[PDB]
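S.K.: File follows, structure_18.cif with mmCIF, C-alpha atoms:
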```
data_target
#
loop_
_atom_site.label_atom_id
_atom_site.label_comp_id
_atom_site.auth_asym_id
_atom_site.auth_seq_id
_atom_site.Cartn_x
_atom_site.Cartn_y
_atom_site.Cartn_z
CA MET A 1 -21.78 5.26 -31.52
CA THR A 2 -18.23 3.77 -31.65
CA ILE A 3 -19.67 0.36 -32.66
CA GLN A 4 -17.00 -0.88 -30.17
CA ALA A 5 -14.12 -3.21 -31.20
CA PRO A 6 -14.45 -7.06 -30.97
CA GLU A 7 -10.69 -7.75 -30.73
CA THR A 8 -10.23 -11.54 -31.11
CA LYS A 9 -6.94 -12.84 -29.62
CA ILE A 10 -5.82 -16.48 -29.28
CA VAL A 11 -3.91 -17.18 -26.03
CA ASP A 12 -1.74 -20.20 -25.13
CA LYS A 13 -2.95 -20.40 -21.50
CA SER A 14 -6.56 -20.28 -20.19
CA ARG A 15 -6.08 -17.52 -17.57
CA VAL A 16 -5.32 -14.25 -19.38
CA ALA A 17 -3.80 -11.13 -17.77
CA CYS A 18 -5.98 -8.51 -19.52
CA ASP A 19 -6.16 -4.75 -18.86
CA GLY A 20 -9.03 -2.83 -20.50
CA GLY A 21 -9.78 -0.29 -23.26
CA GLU A 22 -8.04 3.09 -23.27
CA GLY A 23 -5.45 3.94 -20.58
CA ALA A 24 -8.08 5.84 -18.54
CA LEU A 25 -10.64 3.07 -19.25
CA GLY A 26 -9.09 0.26 -17.20
CA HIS A 27 -5.62 -1.35 -17.24
CA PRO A 28 -5.39 -2.31 -13.50
CA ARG A 29 -4.17 -5.88 -14.21
CA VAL A 30 -7.10 -8.29 -14.43
CA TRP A 31 -6.95 -12.09 -14.99
CA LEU A 32 -9.88 -13.70 -16.86
CA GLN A 33 -10.29 -17.51 -17.12
CA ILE A 34 -11.15 -18.94 -20.57
CA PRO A 35 -13.60 -21.90 -20.19
CA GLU A 36 -12.90 -24.90 -22.51
CA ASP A 37 -16.71 -25.27 -22.35
CA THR A 38 -17.00 -22.48 -24.98
CA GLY A 39 -13.41 -21.43 -25.75
CA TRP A 40 -13.46 -17.62 -25.25
CA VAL A 41 -13.67 -14.72 -22.75
CA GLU A 42 -14.56 -11.00 -23.25
CA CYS A 43 -13.34 -7.79 -21.55
CA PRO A 44 -16.12 -5.11 -21.92
CA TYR A 45 -13.63 -2.17 -22.16
CA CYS A 46 -11.69 -2.70 -25.43
CA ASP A 47 -14.04 -5.69 -26.05
CA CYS A 48 -10.96 -7.93 -26.30
CA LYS A 49 -12.31 -11.45 -26.97
CA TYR A 50 -9.64 -13.98 -25.93
CA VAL A 51 -9.92 -17.39 -27.63
CA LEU A 52 -8.15 -20.48 -26.19
CA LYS A 53 -5.41 -22.00 -28.39
CA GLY A 54 -6.91 -25.02 -30.20
CA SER A 55 -10.28 -24.76 -28.41
CA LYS A 56 -13.68 -25.30 -30.09
CA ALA A 57 -13.89 -21.49 -30.42
CA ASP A 58 -10.60 -21.78 -32.37
CA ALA A 59 -12.21 -24.25 -34.84
CA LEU A 60 -12.33 -21.60 -37.60
CA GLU A 61 -9.81 -21.09 -40.47
CA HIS A 62 -10.00 -24.73 -41.64
CA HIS A 63 -11.11 -28.11 -40.22
CA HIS A 64 -9.12 -31.34 -39.64
CA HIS A 65 -11.44 -33.84 -37.85
CA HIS A 66 -8.67 -36.57 -37.86
CA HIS A 67 -9.71 -39.94 -39.43
#
```
Can you present the structure in this file as structure tokens?
M.R.:
Amino acid sequence: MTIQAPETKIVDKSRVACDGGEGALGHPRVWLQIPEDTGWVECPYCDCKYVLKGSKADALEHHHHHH
């Protein structure tokens, strides 16, 4: 019903100290590891999708591709 909330957030480190959705829906201090293999991790409470800084999942916005 709530269509949830895919909250994309780019982090500097791979292991992210997440919490959850609403106060009563998590927030116990949880650390999720972002795999460079894909570039993101999701927390099924607030649906916070953490993208790794500069990862292949962070290849949006605009390309560069070097020479």
S.K.: Using only C-alpha atoms, which residues sit within 8 Å of range 48-54 of chain A once same-chain residues fewer than 6 positions away are excluded, as a ChimeraX atom specification?
M.R.: /A:5-14,16,20,34,36,39-42
S.K.: Hey, can you spit out that residue selection with C-alpha atoms as a PDB file, keeping the file's coordinate frame?
M.R.:
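Listing of part27.pdb after writing:
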```pdb
ATOM      1  CA  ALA A   5     -14.120  -3.210 -31.200  1.00  0.00           C
ATOM      2  CA  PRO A   6     -14.450  -7.060 -30.970  1.00  0.00           C
ATOM      3  CA  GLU A   7     -10.690  -7.750 -30.730  1.00  0.00           C
ATOM      4  CA  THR A   8     -10.230 -11.540 -31.110  1.00  0.00           C
ATOM      5  CA  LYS A   9      -6.940 -12.840 -29.620  1.00  0.00           C
ATOM      6  CA  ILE A  10      -5.820 -16.480 -29.280  1.00  0.00           C
ATOM      7  CA  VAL A  11      -3.910 -17.180 -26.030  1.00  0.00           C
ATOM      8  CA  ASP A  12      -1.740 -20.200 -25.130  1.00  0.00           C
ATOM      9  CA  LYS A  13      -2.950 -20.400 -21.500  1.00  0.00           C
ATOM     10  CA  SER A  14      -6.560 -20.280 -20.190  1.00  0.00           C
ATOM     11  CA  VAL A  16      -5.320 -14.250 -19.380  1.00  0.00           C
ATOM     12  CA  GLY A  20      -9.030  -2.830 -20.500  1.00  0.00           C
ATOM     13  CA  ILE A  34     -11.150 -18.940 -20.570  1.00  0.00           C
ATOM     14  CA  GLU A  36     -12.900 -24.900 -22.510  1.00  0.00           C
ATOM     15  CA  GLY A  39     -13.410 -21.430 -25.750  1.00  0.00           C
ATOM     16  CA  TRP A  40     -13.460 -17.620 -25.250  1.00  0.00           C
ATOM     17  CA  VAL A  41     -13.670 -14.720 -22.750  1.00  0.00           C
ATOM     18  CA  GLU A  42     -14.560 -11.000 -23.250  1.00  0.00           C
TER      19      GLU A  42
END
```
S.K.: Kindly give the distance, in Å, that separates CA of residue 25 in chain A and CA of residue 38 in chain A, rounded to a single decimal.
M.R.: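 CA of residue 25 in chain A sits 26.9 Å away from CA of residue 38 in chain A.
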S.K.: What gap, in Å, lies between CA of residue 17 in chain A and CA of residue 32 in chain A?
M.R.: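 Atom-to-atom, CA of residue 17 in chain A and CA of residue 32 in chain A are spaced 6.7 Å apart.
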S.K.: Take CA of residue 15 in chain A and CA of residue 35 in chain A and report the distance between them in Å, one decimal.
M.R.: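 Between CA of residue 15 in chain A and CA of residue 35 in chain A the gap is 9.1 Å.
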S.K.: Identify which of the residues A:57, A:44, A:37, A:1 lies closest to residue 22 in chain A, counting only C-alpha atoms when measuring atom-to-atom distances.
M.R.: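 That would be A:44, the residue with the smallest distance to residue 22 in chain A.
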